[PDB]
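Asks: Here you go, one structure.
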There are 2 protein chains.
Amino acid sequence: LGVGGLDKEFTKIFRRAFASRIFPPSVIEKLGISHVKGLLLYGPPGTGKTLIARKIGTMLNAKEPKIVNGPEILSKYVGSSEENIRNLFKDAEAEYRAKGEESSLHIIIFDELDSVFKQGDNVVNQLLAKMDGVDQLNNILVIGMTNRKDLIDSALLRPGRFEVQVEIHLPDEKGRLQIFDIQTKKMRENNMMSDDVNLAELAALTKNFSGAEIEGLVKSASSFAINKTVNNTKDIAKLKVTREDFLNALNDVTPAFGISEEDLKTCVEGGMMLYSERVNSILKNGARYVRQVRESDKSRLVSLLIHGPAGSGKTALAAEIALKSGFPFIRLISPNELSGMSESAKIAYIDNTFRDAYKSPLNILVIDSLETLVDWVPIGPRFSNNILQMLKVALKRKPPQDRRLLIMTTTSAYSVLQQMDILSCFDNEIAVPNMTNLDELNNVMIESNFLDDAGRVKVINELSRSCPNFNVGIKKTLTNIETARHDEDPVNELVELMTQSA
Amino acid sequence: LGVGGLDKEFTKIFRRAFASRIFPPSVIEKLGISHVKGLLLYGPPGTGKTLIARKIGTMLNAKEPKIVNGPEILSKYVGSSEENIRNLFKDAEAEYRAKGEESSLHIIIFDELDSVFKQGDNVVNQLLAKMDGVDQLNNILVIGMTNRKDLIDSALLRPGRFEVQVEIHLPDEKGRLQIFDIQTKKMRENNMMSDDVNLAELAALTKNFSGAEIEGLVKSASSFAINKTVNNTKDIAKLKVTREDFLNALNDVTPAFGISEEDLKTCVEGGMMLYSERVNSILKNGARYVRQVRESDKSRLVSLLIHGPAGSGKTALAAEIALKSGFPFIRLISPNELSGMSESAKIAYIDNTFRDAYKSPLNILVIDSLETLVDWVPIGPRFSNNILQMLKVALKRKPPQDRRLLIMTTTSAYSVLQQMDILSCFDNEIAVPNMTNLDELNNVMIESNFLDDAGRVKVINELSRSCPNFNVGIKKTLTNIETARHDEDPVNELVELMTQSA
Ligand SMILES: Nc1ncnc2c1ncn2[C@@H]1O[C@H](COP(=O)(O)OP(=O)(O)OP(=O)(O)O)[C@@H](O)[C@H]1O
Ligand SMILES: Nc1ncnc2c1ncn2[C@@H]1O[C@H](COP(=O)(O)OP(=O)(O)OP(=O)(O)O)[C@@H](O)[C@H]1O
Ligand SMILES: Nc1ncnc2c1ncn2[C@@H]1O[C@H](COP(=O)(O)OP(=O)(O)O)[C@@H](O)[C@H]1O
Ligand SMILES: Nc1ncnc2c1ncn2[C@@H]1O[C@H](COP(=O)(O)OP(=O)(O)O)[C@@H](O)[C@H]1O
Ligand SMILES: [Mg+2]
Ligand SMILES: [Mg+2]
């Protein structure tokens, strides 16, 4: 017909909400039952709910369904809003007096239902009157659509009202293959599509898209081929789309439920060099855990705690372990995002991020500098307890319906966490130490191209008896080489800086 | 007549509210008494109150009852609501002036009465005027309905107003047997029901349903048999519902006052293995307490405390004991449900859960992580006292009218509870210890299919002289084997991890 990827949900809606309307009234009256009058559809935006609604009605040959938007009714003036509802059902009322039980079916779609409860009452009560009360109207069927089931009051779900509930999901590979078929049919049937375009490849590149995003991608590719000829010209009849156009268009549409590439890549990495054996061990353990949470069904929530002193490398490690994983979904919470908001806004932001992470097969989250998110200052001490409780609950909840995620977190204030007794949330702890021998300094000098061997040797020979057992980090070590490089006397300057830091 | 299960109740209502209306006016005048003008019915929703109201009306062949809804009147504009109440009684006023004492009876129904008091006064005063004051009308009888008696002000219950009060209950096995007949009459009497459907079985499976759920169950079963023909065809005349349809329909309707199966089963239990004698003792004691509660009338409340270190197994034991009991009603209160709410909302939620527990023959409740529900942080220390007092009162109250329930609660901060002085609530305490011997580790490895015994011997030998006094929980032990399994060198990795944890 038109819909794609939905094959166990088009059977289950049709079995219950619609099957009885086909038969003549005699047999339905014969058994002694009643038609259902409410159906609820829930799932993330852009996934095809309104489509199913409109498309089913063409089989029954009902009237074109009316549509009403929640916030519209809520933003109208009080009296106008009150009168509006009684306007909506007028045609349905008339036809019943006209033809009794043999009237046709009428469909009403109610969108963004949750908005009414998010605080209103008059709309809800008037609406329930028309399908539950003594003024019962036996022609109508009302469809509701929401992204959040938990905000609707339980009173509405009980038998007689919104009796059947269905859930829509993001598509998998076979779904996307069918959606591509549906969207490119009309191009294919008119010899306006090249022969190198292979749809099974695109089905695998577009990893976590919804249907709407696929519409947008096709439109973009068409755009390229149009622009290639304008400046409106002869020989339009030879127009065609090509594989290169799809590959170019893939760089202009970025999906929600994707990878926050720029923040991870640029902000958190400006080098990476293996200067010791501990580093290598840390990156191997990271790979082990990524593999564990992709090939086992008895581990759907792992949490880790990379601790260490300041200037030690922590965050750059977390990022490095994530970018090599290849998961579809990756995000991070850091102080840069929460700047300038009130406390309540912060709670809302964290909660929404976690809810968005429970809608893909695989997920990674990074939490950076746990103590700064809580506003810790030791003169008081002062901190925010509400945020702490939100985080403490979140780090132990398990995603529903055989999904899975991995979490990584970074801190420099281990003792404070020990004091706040939230140290049982973590499954394992990794330690990151500083540099403490001159061999590491030699390695770091070599891989940054500091200067020729003749000078390098002299730096080590002078520090050998200037300061034998220094204790410095990596972040500071790379800001001293960089500044010393620009001096007029590089060896002496570097020696002085190193001695001061140690 | 048309209703079943509610017999006794009837006998009474008819004895008091209506018996006087049958007799001729002369004898009633002759005794020197006056009719009753108010009747209150209360009980859980969907249990059959409005049905009784209508069906009694048909025996006395009075007019069709009028109906009004509380929220409807309360939400309307102030002036319209004030003018509205006077419209409702107009017809009754007219017939009185027409025909005096010999007028027929008028019956008015008022729904969701408590909504008026839950905060209003104008409707209450105007209503009492017509049935108590000087302007009394002697034709009317008013029926009220509420789910909550305790909220109604006492001024209404005194003689002359709402003089008779009655309660409706959820049916027992015999009642459900009757309700199935009343609902399936029209199918049975027209040869559209198979010869294998046995109603005594269905009455026994549907353990805690109300009437509305039974209507829904029949409707769903009809839907199965109907859909099996379409795609609208010939031989509609051979339609028949069958036993398999009922058994499959049983999985689509879930009742309130049922079992929260998914939450108990998936989240809280992902393995169970009897690695020591203490575990067997714990489970045996749980079974003891269960069948105690089922076979005694001198123990209608029992409360338990399970305590021990973090990671020891607690919550899984609790859920494991719940699943094998076989009770109809099971729920749990845990931090996940209360996340994101304000304080007042949390209190309301807890209180409603306890109220819903007091309406079934048998009940179990599970309360998880008592110290996290109160928001304890030891720096202050800071915590919420209101929630603590609510929980402290609730754990001692006994349910009414020969019902019984069992409570289990789990915690990791035994010293804190001792400081807060709420140990007096619990009847007995159970201790869950950690692992402390190598034999237990051997059993766990055998049970989890780690690797062939040849390698298994080596782990125990190496730990026998590396660290013989280790002290770790079961959760950590089951998350270290899992990660070691995926390594390239599984023995050394597991040995190192165990040494670190101890
Ligand atoms: N082997 C390495 N491991 C980690 N970081 C490295 C390595 N080699 C170079 N670097 C660079 O060193 C810097 C380390 O700074 P980074 O922000 O990761 O430290 P940090 O301890 O998280 O800092 P802070 O806690 O003060 O915010 C980064 O620019 C990183 O790219
Ligand atoms: N004999 C057993 N006893 C307890 N848990 C077991 C047993 N065998 C396997 N398990 C598994 O071990 C895990 C125990 O974790 P659980 O959440 O019950 O611990 P907990 O004491 O509640 O932890 P926490 O204090 O961190 O909340 C569960 O996944 C459970 O299925
Ligand atoms: N599963 C799907 N199969 C085919 N087309 C789809 C699908 N999902 C989305 N589309 C396309 O995207 C458009 C927008 O989807 P829409 O029905 O508005 O979803 P929502 O109800 O979430 O807004 C549809 O009109 C259709 O062209
Ligand atoms: N004891 C019963 N026997 C038969 N049918 C019942 C019974 N109780 C409830 N029902 C069915 O449930 C339907 C809904 O009940 P309703 O009249 O709304 O009662 P209430 O709303 O007061 O719970 C009724 O129309 C009736 O068909
Ligand atoms: Mg950092
Ligand atoms: Mg627990």
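Going from the start of the chain as shown, residues are counted 1 onward.
Technique stated in the header: electron microscopy, 3.2 Å.
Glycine too: its Cβ is placed from the backbone N, Cα and C atoms.
Under the heading ATP binding site, Swiss-Prot lists B:43-50, B:308-315, citing sequence analysis as support.
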Asks: May I ask you to pick out the binding-site residues among B:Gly43, B:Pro45, B:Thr47, B:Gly308, B:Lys314 with a CB closer than 8 angstroms to chain A's CB atoms, ordered by sequence, or 'none' if no residue qualifies?
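Replies: Correct list, in sequence order: B:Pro45.
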Asks: Counting across all protein chains present, how many other Cβ atoms fall within 10 Å of the Cβ of B:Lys49 (ATP binding site)?
Replies: 20
Asks: What same-chain residues, at least 6 away in sequence, bring their CB to under 8 Å of the CB of B:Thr47 (ATP binding site)?
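Replies: The list for B:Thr47 (ATP binding site) reads B:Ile168, B:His169, B:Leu170, B:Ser210, B:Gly211, given in order along the sequence.
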Asks: Helix, strand or coil for B:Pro45 (ATP binding site)? Use DSSP.
Replies: coil
Asks: Test of understanding: give the count of other CB atoms lying within 10 angstroms of the CB of B:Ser312 (ATP binding site).
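Replies: B:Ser312 (ATP binding site): 21 neighbouring Cβ atoms within 10 Å.
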Asks: Which residues of the same chain, at least 6 positions away in sequence, have a Cβ lying under 8 Å from the Cβ of B:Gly308 (ATP binding site)?
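Replies: Looking at Cβ-Cβ distances below 8 Å from B:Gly308 (ATP binding site), excluding near sequence neighbours, one finds B:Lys314, B:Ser412, B:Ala431, B:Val432, B:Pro433, B:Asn434.
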Asks: Quick one: among the binding-site residues B:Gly43, B:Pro45, which has the most Cβ atoms sitting within 10 Å of its own Cβ?
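Replies: Its Cβ has the most other Cβ atoms within 10 Å: B:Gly43.
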